[PDB]
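Before any comments, here is the structure.
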Protein chains: 4
Amino acid sequence: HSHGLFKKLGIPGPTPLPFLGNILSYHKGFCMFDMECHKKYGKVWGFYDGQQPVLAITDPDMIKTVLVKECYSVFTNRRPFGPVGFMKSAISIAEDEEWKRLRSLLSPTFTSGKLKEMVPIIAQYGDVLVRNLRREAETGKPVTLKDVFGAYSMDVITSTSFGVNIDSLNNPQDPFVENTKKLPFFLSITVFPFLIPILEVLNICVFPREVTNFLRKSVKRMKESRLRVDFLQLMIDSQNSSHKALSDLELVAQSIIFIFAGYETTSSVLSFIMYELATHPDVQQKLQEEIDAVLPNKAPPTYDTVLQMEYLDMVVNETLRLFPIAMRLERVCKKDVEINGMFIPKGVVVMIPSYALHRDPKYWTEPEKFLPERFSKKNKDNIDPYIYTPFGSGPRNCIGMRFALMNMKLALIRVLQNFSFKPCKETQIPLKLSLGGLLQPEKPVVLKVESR
Amino acid sequence: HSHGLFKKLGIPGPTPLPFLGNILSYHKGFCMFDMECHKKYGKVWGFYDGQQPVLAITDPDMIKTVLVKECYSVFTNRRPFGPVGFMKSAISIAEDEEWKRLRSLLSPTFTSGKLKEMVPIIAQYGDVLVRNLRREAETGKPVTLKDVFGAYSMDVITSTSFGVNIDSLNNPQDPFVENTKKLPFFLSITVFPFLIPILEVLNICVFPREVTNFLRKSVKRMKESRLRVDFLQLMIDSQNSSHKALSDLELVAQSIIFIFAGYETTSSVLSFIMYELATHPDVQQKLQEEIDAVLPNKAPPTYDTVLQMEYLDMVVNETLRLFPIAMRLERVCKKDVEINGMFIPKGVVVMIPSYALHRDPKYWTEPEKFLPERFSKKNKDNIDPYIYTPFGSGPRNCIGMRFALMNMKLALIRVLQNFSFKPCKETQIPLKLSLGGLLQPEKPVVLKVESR
Amino acid sequence: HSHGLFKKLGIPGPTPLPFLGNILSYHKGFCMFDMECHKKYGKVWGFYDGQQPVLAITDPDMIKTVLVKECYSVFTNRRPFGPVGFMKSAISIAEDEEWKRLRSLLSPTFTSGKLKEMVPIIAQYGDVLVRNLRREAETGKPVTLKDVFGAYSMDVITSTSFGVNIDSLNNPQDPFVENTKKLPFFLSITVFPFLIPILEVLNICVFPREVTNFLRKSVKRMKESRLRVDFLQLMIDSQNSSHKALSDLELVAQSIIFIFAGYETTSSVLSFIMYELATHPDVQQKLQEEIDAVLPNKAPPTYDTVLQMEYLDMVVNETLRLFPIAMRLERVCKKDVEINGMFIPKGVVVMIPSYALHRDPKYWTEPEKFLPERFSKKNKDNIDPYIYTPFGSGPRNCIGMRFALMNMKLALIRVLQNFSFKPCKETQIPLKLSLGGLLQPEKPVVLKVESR
Amino acid sequence: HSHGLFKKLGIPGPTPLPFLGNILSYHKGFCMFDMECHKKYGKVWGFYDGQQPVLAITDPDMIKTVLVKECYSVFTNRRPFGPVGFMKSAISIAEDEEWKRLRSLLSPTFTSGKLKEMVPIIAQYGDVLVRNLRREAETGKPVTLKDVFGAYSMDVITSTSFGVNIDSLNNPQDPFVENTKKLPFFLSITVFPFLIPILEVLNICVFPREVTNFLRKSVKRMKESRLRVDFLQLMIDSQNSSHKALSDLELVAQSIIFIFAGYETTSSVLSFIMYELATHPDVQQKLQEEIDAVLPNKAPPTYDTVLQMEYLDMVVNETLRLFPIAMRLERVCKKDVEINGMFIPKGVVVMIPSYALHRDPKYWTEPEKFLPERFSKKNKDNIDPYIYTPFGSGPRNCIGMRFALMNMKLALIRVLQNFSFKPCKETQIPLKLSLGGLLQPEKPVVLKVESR
Ligand code: HEM
Ligand code: HEM
Ligand code: HEM
Ligand code: HEM
Ligand SMILES: CC[C@]1(C)C[C@@H](OC(=O)CSc2n[nH]c(N)n2)[C@]2(C)[C@H](C)CC[C@]3(CCC(=O)[C@H]32)[C@@H](C)[C@@H]1O
Ligand SMILES: CC[C@]1(C)C[C@@H](OC(=O)CSc2n[nH]c(N)n2)[C@]2(C)[C@H](C)CC[C@]3(CCC(=O)[C@H]32)[C@@H](C)[C@@H]1O
């Protein structure tokens with residue numbers, strides 16, 4: 001039915017099949033579908049996730065209007081997601097005023113002030129990171145990074161999102177690790193969205209119950225044992241209250257949505273970085289020299305000395321341009337609206353193809369090359385903040401951005417203070433993106449790790 | 001799941017069964033369930049249509065807040081209804097700004113000015129009403145009113161909602177009558193609301209297609225033949241334009257929702273009136289004398305002489321108190337709100353039990369008796385407009401109220417100018433309400449019709 | 001998922017899309033899809049109605065095995081159909097032993113003995129047929145046949161399937177006609193077969209209730225008024241009893257399934273015949289001369305004189321080859337089986353493309369031409385009864401075949417005894433088949449009717 | 001709808017609620033619902049799982065007819081179960097001829113001949129059982145049996161169902177243990193059975209994919225490494241072939257269904273036994289003396305010496321009467337049939353309430369007491385094999401019964417050769433059954449373990 005919408009508005013796009021819409025075209029991945037539509041149709045285009053019209057926009061004014069100017073009034077929420085259960089109280093999933101409240105209640109937790117108090121927690125698990133790596137480096141065996149890096153990203157989440165301290169790699173049998181390790185079906189979510197409500201009254205939760213049952217009680221253990229500078233405690237202090245306080249269940253739901261947002265992003269960006277540092281050894285040396293300058297004698301990184309490292313920042317940012325691991329941003333259009341000369345009707349999903357804008361030859365020279373100088377203070381100013389959006393933009397951007405950048409930077413400083421990384425015969429050169437759902441390598445990153 | 005809500009808020013009500021909620025209790029009808037809960041639980045109570053929490057309110061302040069003060073801000077829409085298809089553009093079904101627009105676009109059509117121009121159309125089909133009745137009165141055979149009255153209510157709808165002129169009783173084979181006569185499943189709508197969206201992508205429309213296909217083309221015939229003072233023409237003139245104009249499809253959807261709202265209401269109220277006039281012959285005589293006074297020599301009623309008839313008005317109103325044929329009013333609570341001292345959480349349905357307030361001994365003496373003096377100018381002032389609500393109240397009340405009152409009044413004046421109505425041995429005394437869905441008699445009204 | 005089946009077996013066919021299978025290819029109609037697959041892939045091919053594998057077979061041995069030899073053992077039922085409700089007791093819909101019983105209980109009703117007793121009923125409504133036609137022939141106005149023919153097919157069904165006698169064209173307001181005239185959504189039945197069971201527990205019946213409620217009571221009126229040689233009475237006599245008797249509800253369900261099978265088939269074949277007789281006037285004259293020979297002085301047809309008419313038989317049969325209005329036959333494969341050298345796995349639907357075999361140049365010379373001599377006693381023997389199957393074949397073939405042939409033949413004899421039929425400027429020459437579901441003309445048949 | 005069935009047949013039972021049927025009555029558990037209906041309604045009764053009629057039968061003749069005489073003809077399959085995916089090829093889930101084949105293909109694997117070859121595998125993991133227990137016995141800490149016993153039941157399954165050898169308690173990090181440890185929602189399966197097919201086309205498998213993906217490949221590793229006397233190898237030898245061979249996928253599906261059937265049954269019976277041996281210390285001593293007699297000097301048990309132990313057999317059997325952990329047996333009635341004087345219509349589920357027959361005072365004196373002498377050779381003969389059915393009866397009974405009895409007996413001999421078991425203050429005396437789904441203790445069994 002609703003497949004006639006874009007034709008009437010005169011918006012171009014690929015013709016949709018009945019029921020499926022355009023979803024068959026996701027067979028080369030979201031990344032390649034988006035690049036092709038940018039190429040074929042120019043500045044705007046429309047496709048259909050099943051019956052759901054999606055309008056893609058690439059003009060930086062329009063993007064600003066949607067992400068900033070008309071965020072509260074028109075473009076407040078992302079695509080409706082389910083079946084969720086009580087996770088409807090997670091900030092990323094909540095809508096309209098419930099989100100606005102949740103955002104207000106959680107924002108003091110992610111300030112640079114609070115982030116400086118967490119850096120000694122984040123630091124200690126970098127030590128754990130190196131001593132897991134040195135065990136594989138002294139054994140002359142090429143390293144699968146996602147395992148040592150995956151363990152780091154999960155380690156930092158426990159101790160910051162619940163206060164629990166695990167060497168998940170070597171304390172694998174902690175009751176905590178096993179439950180938090182319970183991190184395809186979502187294509188049917190789309191040809192058959194009418195089925196989400198079925199599952200909701202069936203208590204078929206996308207977040208399994210035993211885990212959510214554990215953390216609820218496990219936080220209700222810690223809440224009633226203190227009664228530490230982790231997200232848990234910063235949230236327990238906020239509900240010691242303007243809007244209402246954060247109910248016990250809501251504080252759990254936020255913790256869980258942090259784990260999810262933080263775990264595989266941090267792991268994948270870190271792997272993407274080390275792949276680039278190994279295939280661009282010059283960039284690696286220059287970074288190691290900066291780390292040794294700011295931190296002589298392999299001094300431990302601190303909040304302030306991290307923010308001192310400009311090339312490290314340049315490497316991280318250039319990597320997040322190549323691999324914006326969320327790939328897209330979305331907002332549901334909640335009202336009939338006109339923006340920067342374009343009528344947009346109610347219920348359309350508006351989408352910003354980050355990946356494709358990050359690799360748009362119209363804004364970047366040699367967009368496939370890993371050139372960190374792009375982000376040099378001399379050249380950084382000629383970058384558009386609505387073209388480069390690895391963490392989104394506007395009131396609903398990534399609230400954990402500052403933390404995620406410190407966290408990865410702390411990982412890298414220490415791992416580069418100790419090791420060098422070289423391609424193995426088993427390294428996938430060139431790295432190929434997973435034609436599948438999330439932004440991750442086809443083949444995992446394997447490299448030789450030697451000890452300075 | 002959501003069956004714990006009212007307990008937490010400390011709102012009383014009948015305990016719900018899983019999945020079903022309280023729906024098993026509708027076995028004696030909505031009317032008796034509501035009276036019992038008013039009796040058992042006082043001024044507010046909560047029940048569950050399956051999983052859907054419904055909060056009943058009976059304080060006239062609170063009712064005013066919900067229906068008037070916080071209508072636009074909080075309580076704007078009725079229970080979500082489907083699967084509807086294109087009838088999503090009908091004003092009664094549209095929500096929020098789309099409704100606000102539609103209401104603005106249609107309101108000039110229902111003014112007392114426009115109503116006076118339609119009274120000669122409505123009048124001519126009263127003539128048809130009498131000559132169908134005189135045929136059954138000259139044949140010494142007790143009359144089933146819903147047939148002669150049903151034919152009247154449908155007759156007035158055609159000529160006012162599309163311009164077509166049919167003696168539906170004696171021109172039964174008109175292509176128009178057969179399609180418009182395509183006026184249980186809605187209990188499953190409620191234990192299984194998750195199934196509405198299934199039907200929507202299945203084009204399973206609650207309003208069958210051929211009819212809606214006919215009127216679309218049939219209005220697109222009349223629109224392109226004129227290019228008359230019916231609702232159709234008053235709507236064709238409005239789209240000759242503040243909001244946007246009323247799209248061709250939208251004008252059809254309004255016409256259809258008028259037929260629906262107008263047909264069985266007008267038929268049932270008229271039957272309820274004649275049942276009361278026959279079991280209260282004094283009231284009938286006194287009305288016939290008023291009709292003969294204002295209209296000597298059986299003069300034809302006009303707009304102004306109808307508004308002159310105060311007892312006729314008193315009869316109609318007293319009847320609509322006994323039989324408020326919509327029974328309830330509803331608004332979905334769109335925000336967490338507090339009203340007249342009571343927190344009401346988002347997504348609750350708020351409900352005003354009209355029938356039960358209309359028969360609440362706390363506001364009416366002998367509420368079961370048919371006493372039209374209740375509405376005497378002497379006594380009319382001591383009536384609360386939020387207790388007596390046969391047409392609702394506030395910005396979303398019955399937009400066709402003035403028309404519906406003229407229409408029934410025009411029916412009655414003429415039918416009483418000519419006939420008297422007496423109970424037959426087959427009359428159901430006392431009339432019993434249909435324990436089933438809509439407000440209508442168990443047994444249809446049969447009476448003896450004699451000719452003055 | 002199940003889209004890999006035919007590849008493994010090495011059966012050719014069009015590649016299916018996910019979820020949809022091959023259904024997009026029905027856009028030129030079942031008839032053209034089948035002819036193309038016969039052309040492209042030879043003697044067997046496979047396609048998918050959504051996830052449902054369908055195997056097409058065209059070898060007359062194989063067809064015999066499926067329709068006859070292994071009917072009871074393997075290929076007993078047609079595609080599961082719903083949501084049906086109590087019509088699960090109709091013989092066409094019942095499965096396995098319940099069907100075998102029903103077939104036994106109903107078979108004496110369709111004998112040539114019983115058919116001769118019904119011919120005077122069928123005859124009288126042919127008279128009604130002519131006098132509806134003569135009214136349009138004396139008015140110099142081209143005739144839409146499906147209206148006069150549709151009225152005939154429905155007339156004969158009432159009086160034979162319930163005993164009721166209506167000139168439906170001129171007694172349109174009979175309570176009986178209106179309910180029996182309550183004779184697209186079935187494509188979703190197939191991409192979403194998982195939804196039939198939903199509707200079943202929702203009492204969403206494909207046969208609406210009021211009709212089925214009427215006939216149940218209306219037969220329970222006639223059953224309790226007699227307690228006539230119609231199907232109703234022949235069924236009331238059978239339940240006056242080997243298997244069990246035919247429950248009251250079952251007798252209704254059979255009556256309804258007869259109406260359905262008999263109404264639009266008889267109407268459409270009759271229209272196809274008259275279209276061919278008008279575009280082949282030679283064939284019409286030769287038939288009129290045979291009718292006048294056997295029946296001199298426009299003598300009324302009888303059972304025996306109908307069976308005397310060999311060219312009339314030749315015309316009817318040749319027409320049913322051109323337009324086999326069921327188009328296909330189907331059986332679900334209930335066991336893993338091998339037949340005439342071919343493994344066929346459980347749950348596959350096996351399909352005989354009648355239309356396409358009826359127009360297969362490999363068995364018919366000039367298959368598009370209307371050549372009734374094909375069925376001449378000289379040439380009739382060289383016809384394969386598993387290639388020509390307008391009524392199916394084997395234990396589950398059309399049980400009402402003998403009746404349907406008499407019925408149409410009786411229509412034609414009388415209408416040709418009185419009128420000649422000539423193409424009008426508004427006749428669609430050449431007739432185009434409806435690219436839509438059932439086998440019927442794109443445009444309805446309009447012709448000039450003159451009076452001998 | 002179908003809630004009228006038992007009334008018509010004159011079968012008594014609890015009146016069902018719409019949609020839910022009788023399921024609300026499962027709130028005290030299946031065990032108590034069944035005992036109450038046996039008490040209230042006598043020898044047969046009917047209830048409804050939602051719309052699904054279930055007929056309970058308790059006459060031992062009738063039970064024999066259903067389980068034996070008419071197994072192949074009428075009562076072949078259990079309740080249809082889903083959504084399953086490829087596990088449709090598991091023998092317990094397969095139906096009719098596909099089951100009959102699978103049963104034939106797997107039956108040589110469960111002979112007493114093959115069982116004697118596996119006893120040295122089963123034995124070695126009893127050693128592992130004791131040395132896990134001795135660690136908790138030397139630490140003066142009451143033992144949670146389900147952990148040490150759960151680890152035993154899973155240990156024996158790996159090495160016999162795939163050949164893999166793990167001390168799951170102390171090798172917890174084996175890639176094999178973690179995947180095999182991926183062993184509520186099924187009440188909705190029943191009010192909404194119409195939803196199983198939805199999930200099937202959604203690939204929503206009740207057996208998660210990664211596990212089933214692992215074992216498929218992991219067996220395809222072992223199959224292609226040998227190419228040992230485990231079930232895997234005995235099945236690899238069978239497909240080296242009457243029916244067809246066991247496809248690669250089918251052999252996996254059987255292995256998985258063995259794990260499921262074998263894991264929690266063996267763990268729970270073993271816990272039930274040790275609870276009874278600790279609350280009946282006399283029975284424990286008498287068993288320990290028999291074990292020491294047959295096996296002097298704590299000799300290791302063998303196949304033959306296990307079958308020598310008559311009291312050990314008496315203890316096990318008496319326990320399985322108290323706690324028949326499947327609780328019920330079921331067969332779908334596939335045909336209208338009459339059995340031992342009782343019409344049973346097609347599609348009814350027929351159910352044998354094992355638990356309730358095992359505790360029926362009409363067949364057992366003091367049925368709540370743990371009296372192993374019931375099974376003494378003197379008294380064993382007066383036991384009805386259709387009243388006592390811990391493993392079912394007839395062609396579809398528990399195919400792994402002989403193995404399950406050896407397995408538990410081997411556990412017990414060794415654990416009693418070494419330890420004595422005494423109630424702790426934390427022991428739940430009397431043990432209460434879990435009012436929830438499967439037959440297991442409310443509270444897990446904790447006891448003091450001392451070392452002989
Ligand atoms: C390198 C790591 C990460 C990347 C690349 C990333 C990316 C993103 C993006 C692109 C968005 C959507 C922005 C928008 O819609 O405009 C987002 C949202 C969000 N992220 Fe991050 N993210 C990362 C790590 C984290 C971490 C560590 C947290 C820890 C708390 C976090 C918490 C959130 C939340 C709560 C939201 C939704 C905010 C809202 O809905 O108001 N993310 N992330
Ligand atoms: C005696 C006859 C009638 C009665 C007792 C009646 C009663 C009602 C009631 C109780 C409501 C809801 C009010 C609320 O929610 O506050 C309503 C709404 C409505 N009625 Fe009437 N009605 C009658 C006839 C008519 C007629 C003749 C029309 C012709 C146009 C009509 C058009 C509508 C519409 C469009 C609405 C919804 C308005 C909106 O959603 O904004 N009704 N009616
Ligand atoms: C010219 C008119 C008709 C045509 C072309 C036609 C065609 C067919 C065909 C092709 C089948 C399926 C045969 C098979 O699957 O092998 C069938 C089945 C059937 N027909 Fe006819 N039909 C006609 C009229 C009628 C009439 C008048 C009746 C009146 C009783 C009737 C009753 C049935 C029944 C009950 C079945 C299913 C039999 C069973 O399932 O055992 N049909 N028809
Ligand atoms: C003490 C342990 C066990 C108990 C109490 C138990 C009980 C049962 C029962 C009551 C049945 C249904 C019988 C019927 O419907 O008549 C059954 C079926 C079955 N069991 Fe066991 N079981 C146990 C262990 C095992 C084990 C260790 C296996 C290992 C292979 C196994 C394999 C099966 C299979 C395949 C079926 C279904 C047979 C078929 O459908 O043909 N079970 N079990
Ligand atoms: C769970 C949170 C949501 C709904 C999906 C996310 O998180 C994941 O994708 C986790 S993927 C995984 N599952 N299991 C394992 N090991 N990894 C995304 C994609 C990502 C973190 C970036 C943030 C954001 C919003 C914009 C997005 O695009 C998503 C969050 C906040 C979303 O609200
Ligand atoms: C209702 C009966 C069924 C299920 C469909 C039929 O009947 C129709 O198609 C009626 S179509 C219609 N609907 N409304 C109006 N006015 N016409 C078919 C197609 C046809 C009669 C030939 C017989 C058979 C079996 C083989 C078929 O192919 C069908 C019957 C017996 C089927 O069991």
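Order of listing sets the numbers, starting from 1, for every ligand and every atom in it. Order of the sequence lines fixes the chain letters, A, B, ..., with proteins taken first and strands second; residue numbering starts at 1 for each chain. Excluded from the calculations below are hydrogen atoms, water molecules and symmetry mates; all remaining heavy atoms, backbone and side chain alike, are included.
- When each atom of ligand 2 is checked for a heavy atom of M408(B) under 4.0 Å away, the hits are 1 (C).
- The backbone of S393(A), and not its side chain, has at least one atom closer than 4.0 Å to an atom of ligand 1 (non-hydrogen atoms only; backbone = N, CA, C, O).
- The distance criterion of under 3.5 Å between nitrogen or oxygen atoms is not met by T389(B) with respect to ligand 2.
- With respect to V156(A), the side-chain contact (heavy atoms from CB on, under 4.5 Å) criterion is satisfied by exactly one of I121(A), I122(A), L410(A): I122(A).
- Of all the heavy atoms of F231(B), none lies under 4.0 Å from any atom of ligand 2, so neither backbone nor side chain is involved.
- Among the atoms of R78(B), some N or O lies under 3.5 angstrom from an N or O of ligand 2.
- Nearest non-hydrogen protein atom to atom 38 (C) of ligand 1 is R103(A) NH1, 3.3 Å.
- Note on ring orientation: taking the six-membered ring where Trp is involved, the planes of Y72(A) and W99(A) are tilted (angle from 30° to 60°).
- Listed by atom number, the atoms of ligand 2 under 4.0 Å from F110(B) heavy atoms are 30 (C).
- At the top of the distance list for atom 6 (C) of ligand 6, counting protein heavy atoms only, stands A261(C) CA, 5.0 Å.
- Inclusion of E264(C) in the set of residues having an N or O under 3.5 Å from an N or O of ligand 6 is warranted.
- Atom 7 (C) of ligand 1 has its closest protein heavy atom at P390(A) O, 3.7 Å.
- Nearest protein heavy-atom contact of atom 33 (O) of ligand 6 is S92(C) OG, 2.7 Å.
- Of the protein's non-hydrogen atoms, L183(C) CB, 3.5 Å is the one closest to atom 14 (N) of ligand 6.
- When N397(C), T265(C), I325(C) are checked for heavy-atom proximity to atom 20 (C) of ligand 6, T265(C) turns out nearest.
- Comparing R396(A), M327(A), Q254(A) against atom 14 (C) of ligand 1, the shortest heavy-atom distance belongs to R396(A).
- For atom 21 (Fe) of ligand 2, the nearby protein N/O/S atoms, meaning those under 2.8 Å, are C398(B) SG.
- Listed by atom number, the atoms of ligand 2 under 4.0 Å from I325(B) heavy atoms are 5 (C).
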Hey, can you pull the donor-acceptor pairs under 3.5 Å for the side chains in residues 397-409 of chain B, sequence neighbours left out?
{"unit_1": "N397(B)", "atom_1": "OD1", "unit_2": "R103(B)", "atom_2": "NH2", "d": "3.1"}
{"unit_1": "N407(B)", "atom_1": "OD1", "unit_2": "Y152(B)", "atom_2": "OH", "d": "2.5"}
{"unit_1": "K409(B)", "atom_1": "NZ", "unit_2": "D313(B)", "atom_2": "OD1", "d": "2.7"}

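- When the side-chain contact (heavy atoms from CB on, under 4.5 Å) test is applied to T319(A), the partners found at least two apart in sequence or on another chain are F272(A), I273(A), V315(A), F323(A), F370(A).
- Taking 4.0 Å as the cut-off, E330(A) does not count as a neighbour of ligand 1 on heavy-atom distance.
- Remark: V332(B) engages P80(B), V349(B) in a side-chain contact (heavy atoms from CB on, under 4.5 Å) (not counting sequence neighbours).
- There is a protein heavy atom less than 4.0 angstrom from atom 31 (C) of ligand 6.
- Considering all non-hydrogen atoms of both residues, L102(C) and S89(C) come closest at CD1-O, 3.2 Å.
- Interface atoms of ligand 2 facing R331(B), defined by a heavy-atom separation under 4.0 Å, are 14 (C), 15 (O), 16 (O).
- The aromatic ring centres of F231(A) and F258(A) sit less than 6.0 Å apart.
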